[PDB]
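First, one chain by itself: the form deposited in one PDB entry, in structure tokens.
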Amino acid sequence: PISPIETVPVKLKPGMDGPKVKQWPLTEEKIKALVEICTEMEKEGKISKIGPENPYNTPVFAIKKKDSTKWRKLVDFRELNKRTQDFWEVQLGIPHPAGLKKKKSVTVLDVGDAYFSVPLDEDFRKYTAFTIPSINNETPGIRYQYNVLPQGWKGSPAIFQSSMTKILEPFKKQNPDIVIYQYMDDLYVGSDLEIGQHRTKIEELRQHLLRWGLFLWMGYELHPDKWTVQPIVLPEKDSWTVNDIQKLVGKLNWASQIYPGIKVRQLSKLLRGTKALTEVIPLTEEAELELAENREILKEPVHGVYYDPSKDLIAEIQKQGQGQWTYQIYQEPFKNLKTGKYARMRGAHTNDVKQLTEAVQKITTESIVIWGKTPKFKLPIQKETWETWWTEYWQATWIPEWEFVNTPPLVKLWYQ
């Protein structure tokens, strides 16, 4: 058991009112589970009803976790999280573990609970106002307020950072070769052991987190070594067509704006003149060399690619068909800090949006592990279609920001 008798002095930012965010409709079943959940939460004083004198409101919906089919309450504190994260000093997020992204494996623990044993600044509680909607609006919403530290609030991890540091000392001082990070209600633990000897030190981290206080039996396995800026690649054919060359030249033209030394003069010189698309063109001397020299320029790494802790990370995803998706996290155009390709876990999964949504999650999880801050996505979906379904496949206890690209990137296949 554990709980602090004091509440850290919290306030919003200057000239910024509270989150008056509209609540979006939820399906009955989600509403039922939210009602039950919010009950025990009241019979444990984590929350308490409020009146009409509270104008503020935050979205709230239900989800399920990775494997378990038990309804969890997720609150979209985005709108607050920005206005609320007025500051954080010497409780500052966390010097980012540049070593976390280097360990063979990494597990993701759920320490969201520990938060619910810490009072909140009385004068602040009015800002965490959320509503359990009513089907059809037949009855008014069931508003509530928070007394304990709100999960998903980007303040809770900061406020609790004090108590947290200690619940770990006996463990950290023990295995100093291990790195532990904390983003939201998530505890990221990575090591350099055997997947089997990895589970070990972790079971020690649960049996330990139990007595010091705290679904605490939930973790994920990552592998930060398998995360790079993938190389761009040109074909290796013995027989080239006008189309093949036309595309090759098209791709090098694009990649030229990322790597300087890319020359195409010689390659297209063998195109000159209205030839048919399906005709075979042989490679010349100049060509063959030019291609080769171009690959060489491409095997190296792009230059001047640096992260800027201040600025925000852009993230693009492109649907490639057959359940394959491609992405690239960056801050400045043509300066990817990372690029990947999400695969097929569920075979002939006839659902693009479920995929997109798992994609966005993994991509975000990675972004937290690398730079300790989620990216801003550019999703290839219609705002309309996305807002109607994502929450039905979401499982993370956090939520990135996102916009919608409604113009087909020519790029789709180059990154193929």
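So that there is no doubt, residue numbering starts at 1 and follows the sequence shown. Rigid core: the largest C-alpha set superposing within 1.5 Å between the two forms.
Trainee: For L234, record whether it is unmodelled in at least a third of the other compared entries of this protein.
Mentor: Comparison shows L234 kept in all of the other entries.
Trainee: Relative to the other PDB entries of this protein in the set, is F215 coordinate-less in at least a third?
Mentor: Per the records, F215 goes unmodelled in at least a third of the other entries.
Trainee: Would you class the number of unmodelled deposited residues between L214 and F215 as none, 1 to 3, 4 to 9, or 10 or more?
Mentor: According to the record, 10 or more deposited residues lack coordinates from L214 to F215.
Trainee: On average, are the C-alpha B-factors higher in 247-255 or in 182-190?
Mentor: The deposited B-factors put 182-190 ahead on the C-alpha mean.
Trainee: Do the C-alpha atoms of 343-351 or of 359-367 have the higher average B factor in the entry?
Mentor: Averaging CA B-factors over each stretch, the winner is 343-351.
Trainee: From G321, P176, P140, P157, can you pick the one with the highest C-alpha B factor in the entry?
Mentor: Comparing C-alpha B-factors across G321, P176, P140, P157, the top value belongs to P176.
Trainee: Just the C-alpha B-factor column, please: which of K46, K30, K66, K373 has the biggest number?
Mentor: Reading the PDB entry, the winner on C-alpha B-factor is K66.
Trainee: Consider only the C-alpha atoms of the modelled residues in this chain, order them by B-factor as the entry records it, and name the third containing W325: lowest, middle or highest.
Mentor: Lowest third, going by the recorded CA B-factors of the chain.
Trainee: What third of the chain does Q151 rank in for C-alpha temperature factor, lowest, middle or highest?
Mentor: CA B-factor rank for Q151: middle third.
Trainee: For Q161, does the deposited CA B-factor place it in the lowest, middle or highest third of the chain?
Mentor: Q161: CA B-factor falls in the highest third of its chain.
Trainee: Just say lowest, middle or highest third for the CA B-factor of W227 relative to the other modelled residues in its chain.
Mentor: Highest third - that is where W227 ends up once the chain's C-alpha B-factors are sorted.
Trainee: Using the temperature factors of the C-alpha atoms in this entry, rank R72 within its chain: lowest, middle or highest third.
Mentor: Middle third of the chain for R72's C-alpha B-factor.
This protein has a second form, the form deposited in another entry, left out of what is shown; the following refers to that one.
Trainee: Upon rigid core superposition, which of the listed residues (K73, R83, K154, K263) is displaced by 2 angstroms or more at its Cα between the shown form and the other one?
Mentor: Everything else stays below 2 Å; the exception is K263.
Trainee: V233: CA shift of at least 2 Å between the shown form and the other one after core fit?
Mentor: Yes, its C-alpha moves 2 Å or more.
Trainee: Once the core is aligned, does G141 move its Cα by at least 2 Å between the shown form and the other one?
Mentor: After core superposition, the displacement of the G141 C-alpha between the shown form and the other one stays below 2 Å, so no.
Trainee: Return yes or no for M164: a CA shift of at least 2 Å between the shown form and the other one, with the rigid core superposed?
Mentor: Comparing forms between the shown form and the other one, the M164 CA shifts below 2 Å.
Trainee: Out of closer and farther, which fits the Cα atoms of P231 and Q361 in the other form compared with this form, where the change is 3 Å or more?
Mentor: Closer together, which means the C-alphas of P231 and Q361 are at least 3 Å nearer in the other form.
Trainee: Do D67 and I202 have their C-alpha atoms closer or farther apart in the other form than here, with the shift being 3 angstroms or more?
Mentor: Farther apart, which means the C-alphas of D67 and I202 are at least 3 Å more distant in the other form.
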